[PDB]
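Residue numbers start from 1 in every chain, and the chains themselves are labelled A, B, ... in the order their sequence lines are given, proteins ahead of strands.
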Protein chains: 2
Amino acid sequence: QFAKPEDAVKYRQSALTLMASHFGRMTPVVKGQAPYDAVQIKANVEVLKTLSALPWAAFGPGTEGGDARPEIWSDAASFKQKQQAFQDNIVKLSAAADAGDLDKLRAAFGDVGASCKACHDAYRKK
Amino acid sequence: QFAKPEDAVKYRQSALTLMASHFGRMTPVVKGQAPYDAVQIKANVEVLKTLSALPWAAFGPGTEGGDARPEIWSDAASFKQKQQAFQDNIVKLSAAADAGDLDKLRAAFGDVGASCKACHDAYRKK
Ligand code: HEC
Ligand code: HEC
């Protein structure tokens with residue numbers, strides 16, 4: 001759906017921004033600094049699940065640009081493992097939210113955050 | 001979820017970018033320039049439905065900025081009508097896609113596009 005590489009870059013940066021916000025806005029809830037409303041968190045994690053599927057198709061071949069490292073494209077399988085692993089960490093968060101289980105939510109939130117870094121450390125330029 | 005107005009602006013611009021892409025990528029399909037695959041379009045319109053709910057909460061009071069016109073906030077009810085009307089135009093598109101009805105899809109796509117403009121004409125700076 002992208003006329004030029006720049007369009008893919010713009011898309012993925014926007015998708016990732018919207019993930020930062022839907023993930024990060026739960027930090028006060030996980031920390032207990034804001035109340036835990038199970039229904040609200042369930043709905044927010046559903047949004048996050050949808051968003052978290054979106055960036056990867058905007059790293060198609062030849063879409064070098066932005067802050068993406070070239071290693072995304074020199075080993076396709078390894079980048080795919082990282083995004084798939086990340087989306088499965090989101091599945092754990094979804095299951096916790098759907099269960100209304102705050103302990104579960106906290107653990108999964110931590111693991112999701114670690115997975116965001118795991119990717120950044122390999123694939124995002126400074 | 002926004003520390004500063006600038007964060008709300010960044011969010012809504014990213015959400016609207018992702019809507020432009022999920023809407024606009026169907027133009028070749030509606031025109032018949034690309035094949036119509038009902039299952040694919042159903043799934044894409046589901047993404048668009050999720051995205052199309054997201055910008056409006058990032059126009060909270062005091063979030064002037066970007067290319068938003070101030071009239072968003074001097075008549076809250078009228079801006080709310082426009083976003084709600086738009087989301088109901090998306091409902092028509094969703095119903096068409098879920099039915100697999102290409103004629104329906106074309107008509108709804110046109111009406112959605114008109115609704116994007118209807119808002120821009122009142123509420124988006126040049
Ligand atoms: C690899 C499988 C990634 C995972 C998992 C996550 N992110 Fe990431 N992110 C990645 C890349 C390669 C890039 C650079 C994209 C580019 O072309 O510039 C990024 C970028 C971001 C950004 C900045 C977006 C922007 O406005 O330019 C943010 C805010 C960001 N990423 C956040 C983020 C979070 C919170 C994640 C887990 C919930 C996450 N990313 C996962 C690669 C990958
Ligand atoms: C009002 C109810 C709107 C509807 C419906 C749509 N858009 Fe719009 N859009 C609106 C505003 C007020 C703004 C400016 C936001 C700001 O603070 O700058 C916009 C902006 C856009 C953009 C640019 C985003 C960016 O990268 O800065 C795009 C690409 C865009 N809008 C697209 C778009 C489409 C395709 C719509 C219908 C499917 C649509 N918008 C509806 C207000 C409103």
Side-chain angles (χ1 to χ4, degrees), chain A residues 2-31 33-37 39-60 63 65-67 87 90 94 97 109 112-113 116, chain B residues 2-31 33-37 39-60 63 65-67 87 90 94 97 109 112-113 116:
Chain A
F2 304 122
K4 306 181 157 163
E6 289 84 347
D7 301 303
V9 171
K10 183 173 172 159
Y11 179 103
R12 69 211 186 198
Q13 291 182 344
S14 303
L16 291 159
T17 293
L18 296 168
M19 289 164 56
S21 177
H22 284 276
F23 178 72
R25 69 181 61 197
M26 298 184 289
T27 305
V29 175
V30 156
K31 293 185 175 183
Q33 299 172 172
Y36 174 52
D37 174 312
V39 169
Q40 168 193 209
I41 291 294
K42 179 178 183 188
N44 185 64
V45 176
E46 293 276 15
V47 175
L48 182 56
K49 171 185 183 200
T50 297
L51 296 171
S52 289
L54 299 182
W56 320 112
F59 296 86
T63 71
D67 288 349
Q87 294 192 70
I90 297 288
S94 291
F109 186 90
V112 169
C116 313
Chain B
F2 304 122
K4 306 181 157 163
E6 289 84 347
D7 301 303
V9 171
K10 183 173 172 159
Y11 179 103
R12 69 211 186 198
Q13 291 182 344
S14 303
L16 291 159
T17 293
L18 296 168
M19 289 164 56
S21 177
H22 284 276
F23 178 72
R25 69 181 61 197
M26 298 184 289
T27 305
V29 175
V30 156
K31 293 185 175 183
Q33 299 172 172
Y36 174 52
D37 174 312
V39 169
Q40 168 193 209
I41 291 294
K42 179 178 183 188
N44 185 64
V45 176
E46 293 276 15
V47 175
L48 182 56
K49 171 185 183 200
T50 297
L51 296 171
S52 289
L54 299 182
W56 320 112
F59 296 86
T63 71
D67 288 349
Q87 294 192 70
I90 297 288
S94 291
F109 186 90
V112 169
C116 313

Enquirer: I need the minimum non-hydrogen distance between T17(A) and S14(B), along with the two atoms involved.
Expert: CG2-OG, 3.5 Å

Enquirer: Heavy-atom cut-off 4.5 Å, strictly under: side chain, backbone, both or neither for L16(B) against chain A?
Expert: neither

Enquirer: Would you please name every residue forming a side chain to side chain contact (heavy atoms under 4.5 Å, CB included) with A34(A), sequence neighbours left out?
Expert: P28(A), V29(A)

Enquirer: Can you sort out the partners of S94(B) under side chain to side chain contact (heavy atoms under 4.5 Å, CB included), two or more places apart, ordered by chain and number?
Expert: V45(B), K49(B), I90(B)

Enquirer: Would you please test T50(A) and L51(B) for side-chain contact (heavy atoms from CB on, under 4.5 Å) and show each step?
Expert: CA-CA 9 Å; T50(A) 297; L51(B) 296 171; 5.9 Å; no

Enquirer: Roughly how far, to the nearest 0.5 Å, is CG of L18(A) from CD of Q13(B)?
Expert: 11.5 Å

